[PDB]
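S.K.: Experimental structure and its sequence below.
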Amino acid sequence: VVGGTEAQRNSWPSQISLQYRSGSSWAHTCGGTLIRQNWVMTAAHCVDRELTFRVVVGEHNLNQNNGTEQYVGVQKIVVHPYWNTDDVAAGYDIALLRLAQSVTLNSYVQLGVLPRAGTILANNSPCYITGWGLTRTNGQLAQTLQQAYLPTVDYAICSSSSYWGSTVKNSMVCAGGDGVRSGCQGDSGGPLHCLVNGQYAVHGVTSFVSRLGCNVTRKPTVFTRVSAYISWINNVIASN
Ligand SMILES: [Ca+2]
């Protein structure tokens, strides 16, 4: 997250850290959202490579023991059938991970609230992006969970020539673009928390930013619109 601030520890309890094994150590690569005690929602491009993955819930500081963490392996990876790694702009950047074991829900680990199917947010709706991603374009990961206020930019505006153009589809959500705050590598797969009817619900899965950089004016961070995949998500978890 570029231009963010440290989140209160465990204040976004559904946020998870997706890590892969490199040699004898682990490395954070993406964010994700705990949607069931044994299911995590993340981006399809996060699990494109064939690596050994593990999920960490209740995490805050990636380099030290917070005394609230739970580590669990990934038993099954279900990528959306239409995902095309060579065309992130085509959408479908979403994947569900079945954990090897059910995590224990508590003060630091809770399920993320998903929007009702088809829900579209009005322009400039209040949302927050969270993650351990780069804090600057081509910079380095954050040690502690970061958050940044990132209001939405509706489809009409986001798909206009002044912004992303035809690169963005109606199956995506745009947020930010103020040139100061944005998501960045490492935030991918993470949530976009938006305030709806008094509660924060996960409306987006961090998907991509401009090749020019993370925080670029009029180039909002783009997210997979969760509400477009509710039926798919329910069908996977009910038959797996
Ligand atoms: Ca920690």
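M.R.: It's in. Numbering: from 1, shown residues only.
S.K.: what residues are up against the closest residue to residue 115 other than its chain neighbours?
M.R.: Among residues not flanking residue 115 along the chain, residue 227 sits closest, at 4.5 Å (CB to CB, 6 or more residues apart in numbering). From N, CA and C alone the C-beta is placed, and that goes for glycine too. Listed by CB atoms under 8 Å, 6 or more residues apart in numbering, the contact set of residue 227 reads 114, 115, 116, 117, 118, 119, 120, 203.
S.K.: burial count for the second one?
M.R.: By that I understand residue 115. For residue 115, the tally of surrounding residues (other CB atoms under 10 Å) stands at 19.
S.K.: how far away is the residue nearest the centre of the chain from residue 72?
M.R.: Against the mean C-alpha coordinate of the chain, by CA atoms, centre = their mean, the closest residue is residue 190 at 1.6 Å. Noted for residue 190: a distance of 18 Å to residue 72, by CB to CB, to the nearest Å.
S.K.: Regarding the protein, what is its longest strand?
M.R.: strand 25-36 (DSSP state E).
S.K.: neighbouring strands for it, and are they parallel or not?
M.R.: The sheet places strand 25-36 alongside strand 15-22 (antiparallel), strand 39-42 (antiparallel), with pairing taken from DSSP bridges.
S.K.: Which one of the contacts of residue 227 sits in the busiest neighbourhood?
M.R.: Highest count within these by other CB under 10 Å belongs to residue 203, 27 neighbours.
S.K.: Skip the chain neighbours and tell me the closest residue to it.
M.R.: Distances taken as CB to CB, 6+ apart place residue 194 nearest to residue 203, at 4.5 Å, with adjacent residues excluded.
S.K.: Please apply the same query to residue 217.
M.R.: Nearest to residue 217 is residue 179, by CB to CB, 6+ apart, at 3.6 Å.
S.K.: What is the burial count for that neighbour?
M.R.: Applying the criterion other CB under 10 Å, we find 14 residues in the vicinity of residue 179.
S.K.: in which helix or strand would I find it?
M.R.: Residue 179 is part of no helix or strand when elements are defined by DSSP states H and E.
S.K.: quick one: contacts for it?
M.R.: Listed by CB under 8 Å, 6+ apart, the contact partners of residue 179 are 215, 216, 217, 218.
S.K.: From these, pick the one nearest the ion.
M.R.: Nearest to the ion among the contacts of residue 179 is residue 215, at 26.4 Å by CB to the ion.
S.K.: My guess is the closest one contacts residue 187. True?
M.R.: No - at 11.9 Å, residue 215 and residue 187 do not qualify as touching, with contact defined as CB atoms under 8 Å.
S.K.: Which of those two has more residues huddled nearby?
M.R.: Remark: of residue 215 and residue 187, residue 187 carries more neighbours, 31 against 24, as counted by other CB under 10 Å.
S.K.: by contact count, what packs against the longest helix seen in the chain?
M.R.: Counting by DSSP state H, the longest helix found in the chain is helix 230-238. With contacts defined as 3 or more CB pairs under 8 Å, 6 or more residues apart in numbering; DSSP states H and E, the packing partners of helix 230-238 are strand 25-36, strand 95-99.
S.K.: do you know which of the ones you listed lies nearest residue 152?
M.R.: Closest of the helices and strands packed on helix 230-238 to residue 152 is strand 25-36, at 17.6 Å (criterion: CB to CB).
S.K.: list the contacts for the closest residue in space to residue 75 that isn't next to it in sequence?
M.R.: Using CB to CB, 6+ apart and skipping the chain neighbours, the partner closest in space to residue 75 is residue 100 (4.3 Å). Contact analysis of residue 100 by CB under 8 Å, 6+ apart lists 72, 73, 74, 75.
S.K.: wait, doesn't the second one sit right on residue 56?
M.R.: No - counting by CB under 8 Å, residue 73 sits too far from residue 56 to count as a contact (10.9 Å).
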